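Same order as they appear, the protein sequences are chains BBB and AAA. Read in order, the letters of the first sequence are residues -1 to 152, 155 to 362, 369 to 598 in PDB author numbering. Read in order, the letters of the second sequence are residues -1 to 365, 368 to 599 in PDB author numbering. Notes follow once the structure below has been shown.
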Amino acid sequence: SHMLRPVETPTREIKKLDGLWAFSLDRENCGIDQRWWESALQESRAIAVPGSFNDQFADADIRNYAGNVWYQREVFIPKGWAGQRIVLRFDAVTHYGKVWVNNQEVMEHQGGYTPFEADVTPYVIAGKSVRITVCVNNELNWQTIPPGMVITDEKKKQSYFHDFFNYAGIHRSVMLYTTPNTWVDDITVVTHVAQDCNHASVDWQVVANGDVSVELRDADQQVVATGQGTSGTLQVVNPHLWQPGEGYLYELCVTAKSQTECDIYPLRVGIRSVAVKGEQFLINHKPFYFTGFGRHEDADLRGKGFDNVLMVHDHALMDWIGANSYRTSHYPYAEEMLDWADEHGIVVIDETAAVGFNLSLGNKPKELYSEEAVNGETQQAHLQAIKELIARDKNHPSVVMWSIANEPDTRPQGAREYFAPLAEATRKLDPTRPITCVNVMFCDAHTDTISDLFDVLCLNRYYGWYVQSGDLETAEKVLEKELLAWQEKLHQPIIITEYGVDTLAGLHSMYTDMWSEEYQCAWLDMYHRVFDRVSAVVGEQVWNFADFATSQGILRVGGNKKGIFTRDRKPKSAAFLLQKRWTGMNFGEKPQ
Amino acid sequence: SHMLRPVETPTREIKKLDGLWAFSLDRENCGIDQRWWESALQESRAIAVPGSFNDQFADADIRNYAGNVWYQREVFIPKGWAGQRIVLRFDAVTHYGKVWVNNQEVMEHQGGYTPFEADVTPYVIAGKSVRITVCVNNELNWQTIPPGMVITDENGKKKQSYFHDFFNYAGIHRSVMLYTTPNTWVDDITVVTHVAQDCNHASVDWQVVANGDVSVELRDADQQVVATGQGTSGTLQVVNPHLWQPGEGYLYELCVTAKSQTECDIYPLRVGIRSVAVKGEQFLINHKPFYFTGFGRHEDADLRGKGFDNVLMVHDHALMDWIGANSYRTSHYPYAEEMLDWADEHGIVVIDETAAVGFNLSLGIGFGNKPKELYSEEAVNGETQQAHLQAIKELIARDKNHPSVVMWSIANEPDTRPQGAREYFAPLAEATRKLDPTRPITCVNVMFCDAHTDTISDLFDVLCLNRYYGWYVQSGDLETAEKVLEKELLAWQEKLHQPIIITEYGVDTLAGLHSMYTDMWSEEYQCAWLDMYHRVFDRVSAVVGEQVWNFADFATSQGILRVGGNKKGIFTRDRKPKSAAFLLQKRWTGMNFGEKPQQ
């Protein structure tokens, strides 16, 4: 469970395994039987790690593959790591990985978007080359997060219920890292902030197999507070709060000392509180207004693979357009993104991979919550996905809210019985952040059965698109009516976590009609006018930052075209509309 | 009602009223009450006739208008027309027109796609200017061909609901004209061209309606008299006739003279000597099997909507000729007759279709709440069936003598699952055969009314299937699509043992979208998917034709399925070729003319 982000210290080294690996499909599904991990993969080819495997090859038969694929490389253990605790770590393997070091099985993970690792000290020798084999499986069933159904025809075909392509592979960094045989295994900080903002407290809890001391250092490396033992509270006079748009960070240096060994782990800490009060979202006791995007991890060639240039360029576009926030739609993002948000003061709604709990979007069993679909084991798997997300992200000050799912069908019998325990367990795992369950349009104010269990109303709305098609005048009436009915029903802060229309870049129309750039601008504008008239709306996240790949079908013109930007990051007209609205408002303040 | 195409003759003049007219919306619907026809339209603007009104103005509020609009111009009657029978003719007004000459109501017509006309002799004076007002209505209901529902919102604002996948363009789409005959005139002509098996003799029956003694002269393309006859009816014998053949279209001229004691009238009718017949699973033209290649089309272009235009007709025929197309279907309404004059002259084979699309509440195309029973008093009823019969009569009355027209399609993609379907269609099938016994009939078949489901195709002569396996279902999966397609065509061959024409196969293709994955919306998928259909067609002996959906990208109702319109074109709306145009060019110019390809 304990999952600290590897960082280089006087007591910790890292060796990235990113680069070219050997790669092989297993159409006969005989690689486990033939123990492929005991040899060089036969009939293999070069693949980039990190990256989705699907689009690296310009090959439809690989892109559409369902089953196991195999990655392998050789790596030299640094000579100096003799006597040291050596960990092998995968930041993310989509959706399942099993790992062998030479002929030793070392670890296994279900969940495509959070890290897994094993201590491999006993199975490697410092100064020698070792063989790493990974069996990666991209199949979804009713107990995976997200769910799906594999149909077999004779040949496997993956069915799934979410509007983004089922990219798979080693999407994020692989690495070896070291600790001493005494080490800091875990840290929780809780950051309290007086109402007047003129004092703050920092609770710590540490797990380590040796005596623990902590030093809190400011941005200038001046020690502002010190403590001892596994737990306690640091007092901070006149603290530099972590504020949206700035993101001042302290460093909590955790030392675990044995008589013989010592370990130093620096954790970035942003001093901020988050709370809902009535229909206001407060950060450091001040109302905040969310602007920005639903995103995806999606790009040409690399699929959902992490990439620094893309992270730099996309943050430069969000900065320029005046976005203050985003949501990790619809899975945990690369941790680098949360390190970025921490440092630049970007506000994040951190979401699990639990999209698709919904059989009514655009074969399938009769009852959504039943033994044959979302069941007891599904709910366990969902709890595990929430635990892994919070265990990874609990200390990121940029994360202001947990979204435990996107667009579940809450009409059917058993929805509330499924969600209640998940809402409760989320609050116990992290009491410091509000929780949400992002709401599908047809589960309206008069229909939805679970919104009372959550703190903030995150509504996905597309009136004037899938319904009242091309009619802004009717869409505006229906939208305003529904937001006010939500305000009346629950008196929670409302974030519109999804509003957008498919827009084909370069399609221009004097009739302002669907798919045109001019429609995208008129439709976003109508939404904005309505949001500004409703006092409960504390945010707006446009769907989507950029055009992204989907499953093939008649609704998707080479993918999802709701982007503000093209997949190659070129702006549509609507990017300039958002630039003016979001840079023209006062930072973090509801427009008028 | 008799409908000869106006032609200039020693006895007949024409004056086109095409040009700029005055135009006005009537948002309050007070134009009949205020008798707008009695003066200049009040708040008017210039509009081009012919043309759809919708896209001339770059104005969404006009494009999306439902109700009456008003057209008006002034025109001089030629001085020399004194003593002549003077007719005012509209080749087509979509969907309804009422016409006034000064303050006299002269005409009314329902049906957006065939001509109407009135004798206006008594209401004009030769050498003076008259005012022509037209009230044009674009509303569809359950008794219009095609059908629809007007939804009135809580504020009284009208929005047209309709069940077909093309934009409900309206206006004066085709030429308006005054024309003369003498007071004795040839009012009607039916020819039937019979052709011996050996093709070495032919007979030409004639029947004429006119208020005078009738003689005929049949002249060959060199203007040499090959046969003469007398009386309102009879048979001309033609030795070693130059048959009208697909790819050539040799035409004779049947000159009909009506002579009274005092005056006379000469009408030249172009006649192509050709027989059409179904035998088993073969479509025979001049006793020889024919294989159809080409397109489902639309009347659709930038700015003018469904308006007729000679440059478009010349350019599009040059594209069909280049690509090797030998045929098309008038999807989904009668086309401008100039198209059938072109087909006659160049030997292009045409499936002539009525405007009866939309008889189907279970598609995703078109556009409030649909009625639950398609064939009921509150939807397709007795009055609908009457209106459909009238649409078939008017089409045949116009097109009965075009040798290019080889088959009548009485509708496109009706829902034939309910019991009502056969009850509605059976009498329509029978009446079509009585109206013209010289051509086979069809009713074009929707994909979900499969060989195991459909209830009416036995009543027709040719199986015209509209199929899109690998698109709307088995999306992007050529392998499954191919199995399902082959299985269904063979099940149709077993069931009815008719000739099969695939009258629709196509996939949305965004010009310039390219993919190494050959996936939906790409130029590459369009090519791979048409190729898979071709391979299957060539393995099925009953398939006698292939008409690609569609010749060119065209406008539709706005919705989530349509990326600025229908992108199943082989060409873009501005007539630029997609990669698939070159695929079709190779298959269609590489086969033997009119002959089923081989594996």
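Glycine included, each C-beta is placed from N, C-alpha and C at the ideal position.
8 Å Cβ cutoff, residue i in contact with chain AAA
i                   : result
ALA58 of chain BBB  : yes
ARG61 of chain BBB  : yes
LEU510 of chain BBB : yes
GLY476 of chain BBB : yes
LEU513 of chain BBB : yes
Inter-residue CB distance, residue i and residue j (contact presumed, cutoff 8 Å)
i                        : j                   : result
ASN27 of chain AAA       : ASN52 of chain AAA  : The Cβ separation is near 19 Å, so there is no contact.
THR9 of chain AAA        : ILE84 of chain AAA  : Not confirmed; about 14 Å, so no contact.
residue 154 of chain BBB : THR7 of chain BBB   : This structure gives no coordinates for residue 154 of chain BBB. The numbering of chain BBB moves from 152 immediately to 155.
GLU394 of chain AAA      : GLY247 of chain AAA : Not confirmed; about 25 Å, so no contact.
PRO113 of chain AAA      : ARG87 of chain AAA  : 6 Å
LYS304 of chain BBB      : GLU297 of chain BBB : 4 Å
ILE271 of chain BBB      : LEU234 of chain BBB : The Cβ separation is near 10 Å, so there is no contact.
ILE143 of chain BBB      : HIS388 of chain BBB : 6 Å
DSSP bridge partner residues for residue i (one or two, in chain order)
i                   : result
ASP314 of chain BBB : DSSP output for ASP314 of chain BBB lists no bridge partner at all.
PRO180 of chain BBB : Paired residue(s): none; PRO180 of chain BBB is not in a bridge.
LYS13 of chain BBB  : BBB:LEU176
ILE283 of chain BBB : BBB:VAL274, BBB:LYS286
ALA116 of chain AAA : AAA:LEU86
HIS192 of chain BBB : BBB:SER201
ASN466 of chain BBB : BBB:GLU504
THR291 of chain BBB : BBB:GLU546
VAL214 of chain AAA : AAA:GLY227, AAA:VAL254
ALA555 of chain BBB : Answer is none; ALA555 of chain BBB lacks a bridge partner.
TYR160 of chain AAA : AAA:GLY146
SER325 of chain BBB : BBB:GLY292, BBB:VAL347
Interface flag, residue i vs chain BBB, CB-CB below 8 Å
i                        : result
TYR517 of chain AAA      : yes
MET447 of chain AAA      : no
residue 366 of chain AAA : Here residue 366 of chain AAA is not present, the numbering of chain AAA passing from 365 to 368 in one jump.
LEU241 of chain AAA      : no
*asked:* Quick check on the DSSP output: what are the complete alpha helix (DSSP H) runs of length 4 or more inside the stretch 372 to 444 of chain AAA, in order along the chain?
replied: 382 to 399, 420 to 435
*Which residues, in chain order, does the stretch 72 to 96 of chain BBB contribute to contact with chain AAA at a C-beta distance below 9 Å?*
Answer set for the stretch 72 to 96 of chain BBB: empty.
_Taking beta-carbon pairs under 8 Å, can you tell me which members of the stretch 460 to 472 of chain AAA lie near chain BBB?_
Within the stretch 460 to 472 of chain AAA, the qualifying residues are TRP471, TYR472.
*Members of the stretch 558 to 583 of chain AAA near chain BBB, C-beta cut-off 7 Å*: For the stretch 558 to 583 of chain AAA, the beta-carbon criterion of a distance under 7 Å to any beta-carbon of chain BBB is satisfied by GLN558, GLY559, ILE560, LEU561, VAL563, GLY564.
*Note down, in chain order, all residues in the stretch 520 to 554 of chain BBB with a beta-carbon under 8 Å from any beta-carbon belonging to chain AAA.*
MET520, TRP521, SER522
_Contained beta strand (DSSP E) runs [length at least 3] in the stretch 232 to 269 of chain AAA, N- to C-terminal order_ = 250 to 257, 262 to 269
*asked:* Report the start-end ranges of each beta strand (DSSP E) in the stretch 1 to 65 of chain AAA that is 3 residues or longer and not cut off at the edges.
replied: 12 to 14, 17 to 23, 43 to 47
*Identify every run of the alpha helix (DSSP H) within the stretch 477 to 530 of chain AAA, keeping only runs that are complete inside it and at least 4 residues long; order them along the chain.*
478 to 496
_Minimum length 3: unbroken beta strand (DSSP E) runs contained in the stretch 92 to 151 of chain AAA_ = The beta strand (DSSP E) runs lying completely inside the stretch 92 to 151 of chain AAA and spanning 3 residues or more are 94 to 99, 102 to 108, 114 to 117, 127 to 135, 146 to 150, given in chain order.
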